[PDB]
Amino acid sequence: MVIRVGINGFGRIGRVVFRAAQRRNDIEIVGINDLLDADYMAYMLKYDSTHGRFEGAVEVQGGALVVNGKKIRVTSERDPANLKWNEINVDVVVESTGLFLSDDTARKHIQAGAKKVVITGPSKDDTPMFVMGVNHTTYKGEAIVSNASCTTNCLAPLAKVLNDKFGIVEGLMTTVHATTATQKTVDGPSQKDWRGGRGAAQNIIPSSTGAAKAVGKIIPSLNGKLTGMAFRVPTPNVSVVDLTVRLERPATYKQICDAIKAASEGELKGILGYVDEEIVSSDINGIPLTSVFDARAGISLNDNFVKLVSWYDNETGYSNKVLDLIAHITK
């Protein structure tokens, strides 16, 4: 059974989701909505500064996008209620504009004829959030879900392994994060995030994030036990989680590594990765894992206090798991 999917917001996540969908037989992107002509949309798909040339055929024929022989409806509707998803029989919508992160806005896709919606960001409201490999089995057939944030998808699988094996008393996270689309090339206006308005190439830019706290929803036993912040730094992609955590039961650094390696080859296979090499961020570019543990980078103070490092391609990992979630909620 092939799932028919529409994308709203053909941005970094929308376009990276699109490419990943191409390598799957169970998902077909049959419609795309943004504020772009079909020919510009084709160009943005074909050429990518971060992930290179698109491996496939793209043509524009009569205002529709034709990719690898398939016609894809292209629209320019600012209001999702007008998207008429039913006319192309769309099952699930990828909501990746970054503008519609609540039930009252995202449900407009269902009003427009879609059956289900995956929001590609943290919920503004009580829309349930999921992290593949951590709490996806708690899905109950809801029509609208959230795939949480890229950072939460990095921290939660790491947090799960530790909490399961040793238990987490409490933790503080820093994510050192690549530049994103919300940032500015030179000091410019960001009325709700003053620091985020400062030139991205020139600065280390601190930021607030609810991603560590959000892990409390993904892993309920950790509710109120984790929080943190971020530094935005001048790279185009790939980010890293820096988790300082207190453990319930003692664990040597080797034992933590053995536990992470085991989960990476067992239950968290294809989600959590294990690396024991001298890597740097660009070595992670293109990796579809959502959490890549860096064994050599981290350090133990003692058997109950440890700093752990995990990489994530914030575009690619998240995007592949958006597709995993689509397959899961439709199974």
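Residue numbers run from 1 along the displayed sequence.
Which of 20-28 and 315-323 has higher mean CA B factor, as the PDB entry lists it: The stretch with the larger mean CA B-factor is 20-28.
Mean temperature factor over C-alpha atoms, higher-scoring stretch between 281-289 and 297-305: Per the PDB record, 297-305.
Member of 95, 126, 242, 187 with the greatest C-alpha B factor (per the PDB record): Within the set 95, 126, 242, 187, 126 shows the top C-alpha B-factor.
Residue of maximum C-alpha B factor among 73, 108, 177, 198, per deposited coordinates: Each of 73, 108, 177, 198 was compared by C-alpha B-factor; the highest is 108.
Cα B factor band for residue 234 (lowest, middle or highest third within the chain): Its C-alpha B-factor belongs to the lowest third of this chain's values.
Residue 139 by Cα B-factor - lowest, middle or highest third of the modelled chain: Ranked within chain, residue 139 CA B lands in the highest tercile.
Record-listed C-alpha B factor of residue 44: chain third: It falls in the bottom third of the chain.
Third of chain Cα B-factors occupied by residue 218: It belongs to the middle third of the chain when residues are ordered by C-alpha B-factor.
Ranked C-alpha temperature factor of residue 133 among modelled chain residues, by third: As the PDB entry reports it, the C-alpha B-factor of residue 133 lands in the middle third of its chain.
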